[PDB]
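Worksheet: one structure, shown below.
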Amino acid sequence: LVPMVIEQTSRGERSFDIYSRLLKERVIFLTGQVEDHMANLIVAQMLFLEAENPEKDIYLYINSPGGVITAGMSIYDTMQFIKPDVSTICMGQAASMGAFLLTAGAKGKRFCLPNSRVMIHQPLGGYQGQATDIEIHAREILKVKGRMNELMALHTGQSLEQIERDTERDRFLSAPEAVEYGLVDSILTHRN
Amino acid sequence: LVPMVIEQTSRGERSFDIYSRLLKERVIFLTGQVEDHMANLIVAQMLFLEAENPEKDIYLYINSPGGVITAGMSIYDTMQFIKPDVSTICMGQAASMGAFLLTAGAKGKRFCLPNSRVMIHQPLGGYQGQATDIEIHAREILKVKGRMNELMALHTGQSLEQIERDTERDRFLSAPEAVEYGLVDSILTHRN
Amino acid sequence: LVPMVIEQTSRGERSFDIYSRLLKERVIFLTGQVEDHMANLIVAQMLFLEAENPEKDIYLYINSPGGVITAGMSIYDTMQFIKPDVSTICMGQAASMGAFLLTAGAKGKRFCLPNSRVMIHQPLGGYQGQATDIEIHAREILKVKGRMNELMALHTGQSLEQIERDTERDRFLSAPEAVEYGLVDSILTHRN
Amino acid sequence: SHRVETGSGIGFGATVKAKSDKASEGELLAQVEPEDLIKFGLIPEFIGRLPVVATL
Amino acid sequence: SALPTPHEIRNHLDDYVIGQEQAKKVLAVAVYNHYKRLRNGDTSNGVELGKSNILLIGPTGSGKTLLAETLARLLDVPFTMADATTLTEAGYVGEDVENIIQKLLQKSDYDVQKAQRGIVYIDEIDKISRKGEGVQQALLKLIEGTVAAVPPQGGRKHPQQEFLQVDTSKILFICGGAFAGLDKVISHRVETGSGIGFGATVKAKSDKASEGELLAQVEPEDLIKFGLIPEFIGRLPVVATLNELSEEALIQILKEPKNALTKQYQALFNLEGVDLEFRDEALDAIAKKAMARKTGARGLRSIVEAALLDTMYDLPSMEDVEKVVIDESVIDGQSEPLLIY
Ligand SMILES: Nc1ncnc2c1ncn2[C@@H]1O[C@H](COP(=O)(O)OP(=O)(O)O)[C@@H](O)[C@H]1O
């Protein structure tokens, strides 16, 4: 199913996977719903690349409809913790968590294709149980909402008040509009 | 089961899968429904092929019943971004995304088989929730339709109004009719 | 479980799969219901075989109960496009799609086993929705029906009227009867 | 041919399938270059001593 | 006979070689030293001056062999060459490394003094690397001094009954080769390690300078990644990189060199009494043809010869013709050089 490729060098020939071959070039793919299993794999890729060369940038291609917050924040904290700068490129779609991980890239290295859509909204949740338990979970998700908005305003450069109103409901943004909000820095249309 | 093939080279004999072997010849297969996982695989192949020779054409065989617009646009943007021209060949069926990706190839390199069927229609979708949310999603999909029609008119050459009326409902086109509409440039009947 | 076979040559011993080993001998297997994934696999094999020797004949074994019309046409167009002649051999059963690809082989190189069964009928389909949409699909399938009959008459050598009357309903033809109809040329009984 | 072969090896009409099919013979030999002789197995000094070549 | 100073060696080398300014200086002092020592056995002390080998890492048809050949011609000493791919370890059918010593002596005309002051030129050093290693182990010793038995065959079957032994610690081993891929290895160490992606740098802008500037930053570690054993690199202290011949270079090469192709044809036509001219427009087009087919500098002769073949077949059988002006259309084959008498 997954095609295989070969890398010809003076040493010889080595059979590599299409995704593994790109990993050598410091390229990570964030595809599908965000979860603990896929997020852990992405974290491992970042740490491995850091060991090879802590001075070379890492490219993260984001195309996902969103997912779990905890799994996503693990990647965010891992991108800011590692010394190398992480460049984010939006391909096709970037939802609530995907957009948060898009604007979280290094300044001047956040790109987006022209025919791309970006969506941002407040986190979702729920809990069934006793009233006192609902208050605990209800109060906790509110902190995440404010905590996430504070980070979006920091990376995007907007104000917390503007982010709160915009993230109240689903807000779709195109590539040119994302640049204005600060979610990305440039649009890639053609090579050179 | 995917058959294996042997490639004789200077170093000796190398084993490849039927799909991987054709990838070495700059041939990419777009089969089945278009989704995020499948689209990212095609993107990785395009980027990979660009590195060996940015001046050699890339062949994309399209046979699919359609798919999500977001994933398709990722492939469309990648095709236009990479320097080498992408030749699109239609075999079997080509739906909304298949036809859009079929006409997005390099001018003069869009081929189609004589008994191939091409279908084009407007985007599909939906949303369940509050009226305020429905309005947001309703306007979002409407912009996508206009953005898609604008691109379709550019490659085909037809006027925007004609593309709009013709895409109000499912429109089936054969290989000769596709040439008249501008979705393809030639028909491949026999070798040479 | 597919067994592994050994090929002895003056290059080194190589273990091959039973299906992959026969691919080297210009033999392609067409088994099960015809669909897009298997159709694209057969197409890839044909393009690979003509690269090794575009003059030698390609053998296609057909044992299938039919399948999608679009998937079959992909194989048909590929067969009539490649320079080498495609020899079709019917073992077991050959339904509507299997029979079309059977009679589509090179003239004088279509074979059938003595106890093989052949069946031909008009295409199937269906659509649920608005009346306007039904008329669009109703006319589309009718065009395919006429297109398939025209191609069937060309290879079988019969008249278009006879094909329409005979394909109105299921028609079972044994190996000796298929020779008279024109779907095949000869019958293979023993290795002479 | 390999030196003057451009395009893929496997594919539809776009691809060149002439590899085996004999179309012209003198044409390829006429465009012979010393570089080709290297691949054939002739040391560069020897092919460099013979500047002229006459295709028959 | 005072040795030629480095400047003199460079100024002259320019005449027959256009470009490669850095490599010219490297190969100027390296030879000025390799001979300044040989002519002074002692060192007014107990020191024993060593040898410094040269590693010519350049692209194909760049002037690697030419530089080694033209440098030996400036002086009067023997010149030999070889091919690493035509050697194998001991015990195997493959030609032994000692054979190279034989060829060296033959060119020396059965002499030791000359052979001791010879400049062998191994080539195609690449492609015999790891996964090869055995062939690189034998050469590793010859390059840093070894006495070798020279089979006594040749001039009077080499009368010397001691197999005419020769010390291989005074022969300048100019081991060259076109390390295809080193440019990428170096790029992953001196710039972004991403070759594939939307933010990478694909080499499609006809940047012929890229290979030259990249190779200039070569380091021993880069060669290790290429496969070359650490020991072999150590034996070759001097390294000189060559740039890639561009369109301007070829144009200059067709006119500037003392032995330029243009001058050659001009000389023979002058013997017949007819003059020959080469319009600058024609020259640049010829260069573009070479890059198109990637024939290189070696293919220039073929192009010009083909365009002058018919002309040569008619000049001796004609009269009153005293001048020819090759035009841009003559080379492509759509025109015939006008005879203005
Ligand atoms: N700078 C140059 N000046 C003149 N001739 C050159 C130059 N570079 C290459 N050549 C031509 O190329 C040929 C030698 O190629 P060479 O450099 O030996 O290739 P390689 O480096 O692969 O051995 C000679 O015939 C020579 O005329």
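For the structure tokens, the naming scheme is as follows: chains receive sequential letters (A, B, ...) according to their order of presentation, residues are indexed from 1 within each chain, and ligands are indexed from 1 in presentation order.
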Output as a PyMOL selection string all residues of segment 89-167 of chain B that backbone DSSP marks as helix (DSSP H, G or I).
-> chain B and resi 96-103+131-156+160-166
Selection within 7 Å of ligand 1 by only C-alpha atoms and all ligand atoms, output as a ChimeraX atom specification = /E:16-19,58-66,177-178,253,297-298
Got a sec: who's within 10 Å of residue 6 of chain A, counting only C-alpha atoms, leaving out chain neighbours fewer than 6 positions off, as a list in words?
-> residues 12, 13, 14, 15, 16, 17, 18 and 21 of chain A; 16, 20 and 24 of chain B
For residue 155 of chain B, which of B:134, B:101, B:119, B:187 is the closest residue, counting only C-alpha atoms?
->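 Using only C-alpha atoms, the shortest distance to residue 155 of chain B belongs to B:101.
Within 9 Å of chain D, chain E contributes the residues residues 83, 293, 294, 295, 298, 299, 301, 302 and 305 of chain E, using only C-alpha atoms.
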Polymer residues at most 10 Å from segment 168-180 of chain C, only C-alpha atoms, same-chain spacing of 3 or more positions, as a PyMOL selection string | chain C and resi 90+93-96+103+110-123+156+163-165+183-188
Residue 13 of chain D surroundings by only C-alpha atoms, 12 Å radius, close-in-sequence under 2 positions cut, as a VMD selection string = (chain B and resid 59 87 89 109 to 113 186 to 192) or (chain C and resid 47 78 81 to 83) or (chain D and resid 7 to 11 15 to 18)
Selection above as a file: C-alpha atoms, as a short mmCIF file (atom, residue, chain, number, x, y, z; two decimals), in the first residue's frame:
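File written: again26.cif
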```
data_model
loop_
_atom_site.label_atom_id
_atom_site.label_comp_id
_atom_site.auth_asym_id
_atom_site.auth_seq_id
_atom_site.Cartn_x
_atom_site.Cartn_y
_atom_site.Cartn_z
CA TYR B 59 2.27 11.43 -14.29
CA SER B 87 0.42 15.21 -16.44
CA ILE B 89 -4.48 10.83 -17.18
CA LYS B 109 -0.53 17.26 -20.83
CA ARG B 110 -4.09 16.37 -19.72
CA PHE B 111 -5.04 13.05 -21.33
CA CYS B 112 -8.08 10.79 -21.14
CA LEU B 113 -8.92 7.31 -22.36
CA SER B 186 -6.07 14.96 -26.00
CA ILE B 187 -7.31 11.38 -26.02
CA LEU B 188 -4.99 8.36 -25.92
CA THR B 189 -6.37 5.58 -28.12
CA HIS B 190 -3.36 3.54 -29.31
CA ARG B 191 0.36 3.61 -28.67
CA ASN B 192 2.06 6.09 -31.00
CA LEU C 47 2.40 -1.28 -18.48
CA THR C 78 -5.23 -0.30 -21.42
CA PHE C 81 -3.65 0.76 -26.06
CA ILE C 82 -0.49 -1.25 -25.39
CA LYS C 83 1.36 -2.55 -28.43
CA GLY D 7 11.26 10.66 -20.19
CA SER D 8 9.95 7.77 -18.15
CA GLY D 9 10.28 4.09 -19.07
CA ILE D 10 6.86 2.78 -18.03
CA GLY D 11 3.59 4.53 -18.76
CA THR D 15 6.24 7.64 -22.06
CA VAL D 16 8.54 6.32 -24.81
CA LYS D 17 8.09 2.59 -25.48
CA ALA D 18 10.40 2.53 -28.55
#
```
Select all residues from chain B having any atom no more than 8 Å from an atom of chain A (counting only C-alpha atoms, ignoring ligands), output as a list in words.
-> residues 16, 17, 19, 20, 23, 24, 36, 37, 40, 41, 44, 45, 48, 70, 71, 72, 73, 74, 77, 80, 81, 82, 83, 133, 136 and 140 of chain B
For chain E, which residues have at least one atom within 7 Å of chain A, if we go by only C-alpha atoms? Write them as a list in words, please.
->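 Interface list for chain E against chain A: residues 127, 129, 130, 131, 181, 192, 193, 194, 195, 196, 226 and 227 of chain E.
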Please provide as an MDAnalysis selection string all residues within 7 Å of segment 313-330 of chain E, with the sequence filter that same-chain residues fewer than 3 positions apart are discarded (counting only C-alpha atoms).
-> chainID E and resid 273:279 281:282 307 309:310 333:341
Dump of N, CA, C and O atoms for the selected residues, as a short mmCIF file (atom, residue, chain, number, x, y, z; two decimals), in the first residue's frame:
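Here's the written file result16.cif:
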```cif
data_model
loop_
_atom_site.label_atom_id
_atom_site.label_comp_id
_atom_site.auth_asym_id
_atom_site.auth_seq_id
_atom_site.Cartn_x
_atom_site.Cartn_y
_atom_site.Cartn_z
N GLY E 273 45.97 29.00 -47.99
CA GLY E 273 45.83 30.35 -48.48
C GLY E 273 44.50 31.00 -48.17
O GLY E 273 44.30 32.16 -48.54
N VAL E 274 43.60 30.28 -47.49
CA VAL E 274 42.27 30.79 -47.15
C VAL E 274 42.24 31.14 -45.67
O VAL E 274 42.82 30.43 -44.84
N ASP E 275 41.57 32.23 -45.34
CA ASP E 275 41.43 32.68 -43.97
C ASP E 275 40.15 32.12 -43.37
O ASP E 275 39.22 31.74 -44.09
N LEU E 276 40.11 32.06 -42.04
CA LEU E 276 38.96 31.55 -41.31
C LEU E 276 38.63 32.47 -40.15
O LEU E 276 39.53 32.92 -39.43
N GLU E 277 37.34 32.74 -39.99
CA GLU E 277 36.84 33.58 -38.91
C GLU E 277 35.73 32.83 -38.20
O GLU E 277 35.07 31.96 -38.77
N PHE E 278 35.53 33.18 -36.93
CA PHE E 278 34.51 32.56 -36.09
C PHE E 278 33.75 33.67 -35.37
O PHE E 278 34.23 34.22 -34.38
N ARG E 279 32.56 33.99 -35.88
CA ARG E 279 31.73 35.01 -35.26
C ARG E 279 31.39 34.62 -33.84
O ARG E 279 31.12 33.45 -33.54
N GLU E 281 28.77 35.10 -32.25
CA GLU E 281 27.44 34.53 -32.18
C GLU E 281 27.49 33.02 -32.37
O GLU E 281 26.78 32.27 -31.70
N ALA E 282 28.29 32.55 -33.33
CA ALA E 282 28.43 31.11 -33.54
C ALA E 282 29.01 30.43 -32.30
O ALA E 282 28.52 29.37 -31.89
N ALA E 307 30.44 20.88 -38.56
CA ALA E 307 30.09 22.09 -39.29
C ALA E 307 31.10 22.44 -40.38
O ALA E 307 30.73 23.12 -41.34
N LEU E 309 33.07 19.94 -41.91
CA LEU E 309 33.33 18.76 -42.73
C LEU E 309 33.11 19.05 -44.21
O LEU E 309 34.03 18.90 -45.03
N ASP E 310 31.88 19.43 -44.58
CA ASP E 310 31.56 19.74 -45.97
C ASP E 310 32.49 20.81 -46.54
O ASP E 310 32.96 20.70 -47.68
N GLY E 333 23.26 23.49 -39.32
CA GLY E 333 23.07 22.78 -40.57
C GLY E 333 22.05 23.38 -41.51
O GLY E 333 21.70 22.74 -42.51
N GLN E 334 21.56 24.59 -41.23
CA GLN E 334 20.58 25.26 -42.07
C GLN E 334 21.20 26.24 -43.05
O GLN E 334 20.47 26.84 -43.85
N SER E 335 22.52 26.42 -43.01
CA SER E 335 23.20 27.34 -43.91
C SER E 335 24.57 26.77 -44.26
O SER E 335 25.03 25.79 -43.67
N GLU E 336 25.21 27.41 -45.24
CA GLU E 336 26.52 27.04 -45.74
C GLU E 336 27.43 28.26 -45.64
O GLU E 336 27.01 29.36 -46.03
N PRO E 337 28.67 28.13 -45.09
CA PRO E 337 29.55 29.31 -44.98
C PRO E 337 29.76 30.06 -46.29
O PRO E 337 30.20 29.48 -47.28
N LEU E 338 29.45 31.35 -46.28
CA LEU E 338 29.60 32.17 -47.47
C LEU E 338 31.07 32.33 -47.84
O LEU E 338 31.93 32.54 -46.98
N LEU E 339 31.35 32.24 -49.14
CA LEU E 339 32.70 32.41 -49.69
C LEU E 339 32.76 33.79 -50.33
O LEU E 339 32.24 34.00 -51.43
N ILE E 340 33.40 34.74 -49.63
CA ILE E 340 33.51 36.11 -50.13
C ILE E 340 34.80 36.37 -50.89
O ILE E 340 35.05 37.51 -51.28
N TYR E 341 35.63 35.34 -51.10
CA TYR E 341 36.89 35.50 -51.83
C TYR E 341 37.81 36.51 -51.16
O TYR E 341 38.89 36.80 -51.66
#
```
Near residue 85 of chain E, counting only C-alpha atoms, which residues have an atom at most 9 Å away, once you skip same-chain residues fewer than 4 positions from it, shown as a short mmCIF file (atom, residue, chain, number, x, y, z; two decimals) with N, CA and C atoms, in the first residue's frame?
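Result file follows (around.cif):
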```cif
data_model
loop_
_atom_site.label_atom_id
_atom_site.label_comp_id
_atom_site.auth_asym_id
_atom_site.auth_seq_id
_atom_site.Cartn_x
_atom_site.Cartn_y
_atom_site.Cartn_z
N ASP E 123 43.12 8.00 -11.22
CA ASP E 123 41.84 8.62 -11.55
C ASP E 123 40.71 7.70 -11.10
N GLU E 124 39.48 8.21 -11.22
CA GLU E 124 38.27 7.48 -10.86
C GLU E 124 38.39 6.86 -9.47
N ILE E 125 38.96 7.63 -8.53
CA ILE E 125 39.13 7.14 -7.16
C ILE E 125 37.78 6.80 -6.54
N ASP E 126 36.75 7.55 -6.90
CA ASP E 126 35.42 7.25 -6.42
C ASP E 126 34.95 5.92 -7.01
N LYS E 127 33.87 5.38 -6.44
CA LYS E 127 33.20 4.13 -6.80
C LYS E 127 33.91 2.88 -6.27
N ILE E 128 35.06 3.00 -5.59
CA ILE E 128 35.74 1.85 -4.99
C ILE E 128 35.69 2.02 -3.48
#
```
Pick out the closest residue to residue 79 of chain C from this set: D:12, D:27, D:20, D:41. Count only C-alpha atoms.
-> D:12
If you count only C-alpha atoms, the residue of E:97, E:204, E:113, E:121 closest to residue 69 of chain E turns out to be E:121
The residue from A:46, A:144, A:69, A:97 with the smallest atom-to-atom distance to residue 85 of chain A, counting only C-alpha atoms, is A:46
One-decimal distance in Å that lies between atom CA of residue 205 of chain E and atom CA of residue 182 of chain E =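 Between atom CA of residue 182 of chain E and atom CA of residue 205 of chain E the gap works out to 19.2 Å.
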Could you state the separation of atom CA of residue 138 of chain B and atom CA of residue 182 of chain A in Å, given to one decimal place?
->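 Distance reported for this atom pair: 25.2 Å.
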